[PDB]
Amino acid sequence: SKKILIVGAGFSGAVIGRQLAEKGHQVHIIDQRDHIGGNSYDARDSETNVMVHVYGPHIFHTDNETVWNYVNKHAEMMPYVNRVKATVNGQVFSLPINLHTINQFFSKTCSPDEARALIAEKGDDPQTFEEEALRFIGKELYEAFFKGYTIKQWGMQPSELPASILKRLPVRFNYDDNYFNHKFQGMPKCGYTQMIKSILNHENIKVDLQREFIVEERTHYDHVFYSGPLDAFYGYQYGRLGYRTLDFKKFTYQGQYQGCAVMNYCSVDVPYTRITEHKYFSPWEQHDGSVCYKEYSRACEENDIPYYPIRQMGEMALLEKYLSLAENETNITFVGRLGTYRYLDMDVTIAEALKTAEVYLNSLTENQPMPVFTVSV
């Protein structure tokens, strides 16, 4: 029976914790926040009865059946297919770019094959160096849907990012407006917080909230699983890792503010990146009042929640410093979106957390040392 400290009550910590707890280990899970869930956390607005996704829209989607089966054990999963609109050029469009977006954009009536001909004769360019340089789609579409969105979202010009990150033509030549191509797509009936609470619901798990990790503690345990920022663990001794932060400005509207869950504003002339109307993530509930967030993207200064990691040369170079400090550590595994500096989806989080616990469990049945990283960086 091993004594485990987990730093974080998000999917990583909850899922590693419950796998271990079930093989009889004594798991202690701590979180600096006053609530479990991590960034997947949702709460019901008190004035409105609206399930608010507190750290932004969280839509569940996976091609992994084992991950799907696992979340259904812990929540009632509701069919929910996310559909995004975008406002730009004084018009409202379906996202991703599809047959309707094209026909509406160019005031046309193209069939799919006619639209393929349009996009080819609208594309521009020998050997492409920039993301700006992807005239897959041409100038009007790059500018409408891609340029101002990158500037607001990444605080960068698309001529500044590499040609990668846009591997394929970003258009779908039919009227399917599902945003996500994943096989399994749903929404927990009662939210992610109730889901993760269920996950944490084992006698071998003790949860302590409003509690920050303190390094000296590490010596009271057989192993630590750490889902906190990898640079923060080292006190940012080499400097902070590049992140974008988000500000959410909350407002309550009486009625329906926008008529969909998520509306993107592609233009630089709109300072928020998108508006989320949370009641739309629970279509099986009726709400008179509505909680909405205007979302603002910005450089992660000090005291900000890290959201989206910027991952270019400068950052990876700085990461490499922490990476070789860390690969020298003896009884710790860094896991999750922050412990590893990657953007991970919820389903990919749980996947990696089931595998992490499985690796650790194996390491005991055997002879063998538990690695500091369970996935490559």
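Numbering starts at 1 and follows the sequence shown.
Chemist: Select one of none, 1 to 3, 4 to 9, or 10 or more to describe the deposited residues without coordinates separating residue 124 and residue 125.
Modeler: Going from residue 124 to residue 125, the model skips 4 to 9 residues of the deposited sequence.
Chemist: Going by the B-factors listed in the PDB entry, is the mean over the C-alpha atoms higher for 142 to 150 or for 126 to 134?
Modeler: Comparing 142 to 150 with 126 to 134, the higher mean C-alpha B-factor belongs to 126 to 134.
Chemist: What stretch has the higher average Cα B-factor here, 96 to 104 or 152 to 160?
Modeler: Result of the comparison: 152 to 160.
Chemist: Using the entry's values, work out which of 349, 49, 26, 40 has the largest Cα B factor.
Modeler: Of the options given, 49 has the highest CA B-factor in the PDB entry.
Chemist: In the PDB entry, which of 262, 224, 166, 196 has its C-alpha at the highest B-factor?
Modeler: It is 166.
Chemist: Among the chain's modelled residues, which third holds the C-alpha B-factor of residue 321?
Modeler: As the PDB entry reports it, the C-alpha B-factor of residue 321 lands in the highest third of its chain.
Chemist: Where does the C-alpha B-factor of residue 255 rank in its chain, lowest, middle or highest third?
Modeler: Lowest third of the chain for residue 255's C-alpha B-factor.
Chemist: Lowest, middle or highest third: where is residue 16 by C-alpha B factor in its chain?
Modeler: Lowest third.
Chemist: Could you say whether, by C-alpha temperature factor, residue 359 belongs to the lowest, middle or highest third of its chain?
Modeler: It belongs to the middle third of the chain when residues are ordered by C-alpha B-factor.
Chemist: Looking at the temperature factor on the CA atom of residue 238, which third of the chain's modelled residues does it land in?
Modeler: According to the entry, residue 238 has a C-alpha B-factor in the chain's highest third.
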